[PDB]
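Each of the two blocks below gives one form of the same protein chain as structure tokens; they are labelled structure 1 and structure 2.
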Structure 1
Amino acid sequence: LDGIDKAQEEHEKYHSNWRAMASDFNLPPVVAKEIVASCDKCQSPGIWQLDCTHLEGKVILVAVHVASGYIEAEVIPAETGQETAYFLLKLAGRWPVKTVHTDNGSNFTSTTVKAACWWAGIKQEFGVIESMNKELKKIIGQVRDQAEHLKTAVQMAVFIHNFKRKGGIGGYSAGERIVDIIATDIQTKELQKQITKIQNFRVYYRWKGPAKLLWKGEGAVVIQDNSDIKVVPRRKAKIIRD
């Protein structure tokens, strides 16, 4: 508390995201989110791309996490709807898959894949994928000598790409990047859930009119009144539901 004005000034002078203001000034994320949302002027993690490539006369189904570059690939006996549905069901069970982007191939348009997406609650919409396939083929060629079957080589290539290839802004691997992105998405979901929980109530302070509730503390209550954020003690404030 007693830092909301500093947060507003810093937002005006930098237009920083709510995370920066919450961390630097040590404010609850709800308060910072309300502050950033108020200024009108200043106003992905679950998306995957599916494709089928061919190598050595065998079909490899490849899934790319667009935001991270994290790859999951499998050799499938045939390029059929059943195999794609099973692969997608596995992926959904192992990662929070929200949307899948395909290329209108018959297997992806099959009713089996539609059923799998419906049960898993996944949305389907018909150059990252091609470059990814190119790099996967490169790694498979590099490691083809250490294996005996194509599927083992494909899994080794997935391992190398996801955890042994480092490069980018911070020099992290795809696995670390996807873990970080999913963690951030969980943070965002929790923030939204608590905003939903809190926004259903109203606060009367000192008696003034109804005001939006933002945060409840041990001995302090942070509220918003006509685009103005204020701190009031609990004894002086009454919280109700309407």
Structure 2
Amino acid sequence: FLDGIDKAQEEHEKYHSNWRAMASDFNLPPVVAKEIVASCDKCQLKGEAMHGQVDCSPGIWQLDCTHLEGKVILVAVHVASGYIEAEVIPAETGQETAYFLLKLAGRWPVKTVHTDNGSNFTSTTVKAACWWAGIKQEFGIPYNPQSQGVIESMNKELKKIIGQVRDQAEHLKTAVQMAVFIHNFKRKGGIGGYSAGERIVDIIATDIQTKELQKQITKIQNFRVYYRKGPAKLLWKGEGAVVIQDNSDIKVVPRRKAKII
């Protein structure tokens, strides 16, 4: 193909033909045309077609500031449950973001806050408020609201509820608290038919209960397992399969070729 490849690069340097066009016009295998395209800097113009998956641990909260009727609404959400907190604040300022964050951390177990890189969240005053409550700050890739998919989706549900109840309140702060109430306790569905309030209660109570239960289980159930290796620490057994943790690496092995001691 030496004559077919040299003419294809000469054509790609002009028209930037994709791999197919150069496979048809110069009698090339698909691999060679794809290679000629892959080596052109001017043709690498498209990312891969996937989406990530945000952290949904029980202690992660996403915060963001949204705007409505000239006012600033600082909104938070519990990612695992959908439970939201919100407040109209006079200004997007690290002072009042820190006040909001301290109130939140005082009402619920907030382990980690995920936010974008707005100035109020990247402020030295929030860093002090998050350090005092023992909160971990995760900032997202700048200019990527998809990294805040949960709270950004909650900026739409919250604003949608406010317009439904806006005419039952003179001020916007009352409508914001009405919308918080309605979302958290009057909208059911999701992973348990719950509302956001029931679901956060379940998530948190389940976290506590499971931590206590598994603490007891590990305190009692103390075995070592040899498979195929070292004395891996036993995690679970039953149904013809054993789960163990060998050097901080959890893997599933069948009951055969594994002995518990």
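Numbers follow structure 1, counted from its first residue as 1. Think of the rigid core as the biggest set of C-alphas that the two forms share within 1.5 Å after superposition. Residues that one form lacks are left out of the comparison.
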Exercise. Shifts of 2 Å or more in the Cα, rigid core superposed between the two structures, apply to only one of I182, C52, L213, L55; name it.
Key: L213
Self-check item: Core superposition between the two structures, C-alpha change of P29 at least 2 Å
Solution: yes
Quiz item: Can we say the CA of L191 moves by at least 2 Å between the two structures when the core is superposed?
Solution: yes
Quiz item: What is the C-alpha shift for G167 between the two structures, rigid core superposed, to one decimal in Å?
Solution: 1.1
Self-check item: Backbone CA shift between the two structures, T112, after core fitting (angstrom)
Solution: 0.4
Practice problem: Taking the rigid core as fixed, pick out the runs of 3 or more consecutive residues whose CA atoms all shift by at least 2 Å between the two structures, and give them in sequence order. | Solution: 1-43, 168-170, 188-206, 208-240
